[PDB]
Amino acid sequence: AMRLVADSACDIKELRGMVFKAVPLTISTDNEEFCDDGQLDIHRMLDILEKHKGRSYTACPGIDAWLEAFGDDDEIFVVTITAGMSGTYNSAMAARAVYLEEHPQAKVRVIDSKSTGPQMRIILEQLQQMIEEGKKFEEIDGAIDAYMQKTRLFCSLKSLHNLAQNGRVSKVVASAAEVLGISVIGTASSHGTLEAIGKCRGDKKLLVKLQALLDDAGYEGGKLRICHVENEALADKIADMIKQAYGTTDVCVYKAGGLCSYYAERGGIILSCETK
């Protein structure tokens, strides 16, 4: 019966076997609005932004888009990108407020993922698994936050220009990636912000740094989700490394959506995993 809702930073549009709706964020220039929905041509957006010399912006969904996504269901879990970097969580809480004044039996839990992308996806899949196990809303609502403590996110970005111009990473940290061939490796912090771990020259050195970070994080071969921004080659190499080193069988590599493509930028990869 239950409904799962997430903002479009989760990169997915369906959850097979589940009732699920994604709620689009938007990316804008002074000339065009790109809505992160089924219609978006991300390759074309990235082409436009690469040669666009002006400022570009993102926006969280409107209260009305959330209400449309809630539909009329009486048990809803909403997963949002980190409240530490975005007004999305607050917009969902505002829409929940209106919804509960319109649906007297409704229960709505808004989950600040404290992260983005594949970590939102791992949360959504765990909600789906508990729902399929027949857990009740109250059991799931309590248990998901404990489950989240055993998940981590790491990223490797070739450019941090869009993060930096929107005030979401420091200039010193972004400047590293200005050098051709240098990526910045990050993790989601305990405050739901982007914590830079170090720089890295080339794919093979990334793989070795990621293996050390996963070891230290307590990774033991559990669920692993990797999204990429026009870098399937690198995501596949990471997935191969992890399967070899940890025995992982539950891996998915997939494309980033519009919002993550904008902030991770061409070449970027983001990964999330369950830890012990």
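Residue indices: 1-based, along the sequence shown.
> Quick one: higher average CA temperature factor, 172-180 or 201-209?
Replying inline: Per the PDB entry, the higher value belongs to 172-180.
> Of 41-49 and 62-70, which one has the bigger average CA B-factor?
Replying inline: The stretch with the larger mean CA B-factor is 41-49.
>> Among the choices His228, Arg55, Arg225, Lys237, identify the one whose CA B-factor in the record is greatest.
In response: That would be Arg55.
>> Comparing recorded Cα B-factors across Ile242, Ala217, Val251, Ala233, which one is largest?
In response: That would be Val251, according to the entry.
> C-alpha B factor of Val79, ranked within the chain: lowest, middle or highest third?
Replying inline: Lowest third, going by the recorded CA B-factors of the chain.
> Taking the C-alpha B-factors as the PDB entry records them, is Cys260 in the lowest, middle or highest third of its chain?
Replying inline: Tercile = middle for this residue's CA B-factor.
>> For the chain shown, is the CA B-factor of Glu132 in the lowest, middle or highest third of its modelled residues?
In response: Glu132: CA B-factor falls in the highest third of its chain.
>> How does the C-alpha B factor of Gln165 compare with the rest of the chain: lowest, middle or highest third?
In response: Its C-alpha B-factor belongs to the middle third of this chain's values.
> Taking the C-alpha B-factors as the PDB entry records them, is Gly192 in the lowest, middle or highest third of its chain?
Replying inline: Tercile = middle for this residue's CA B-factor.
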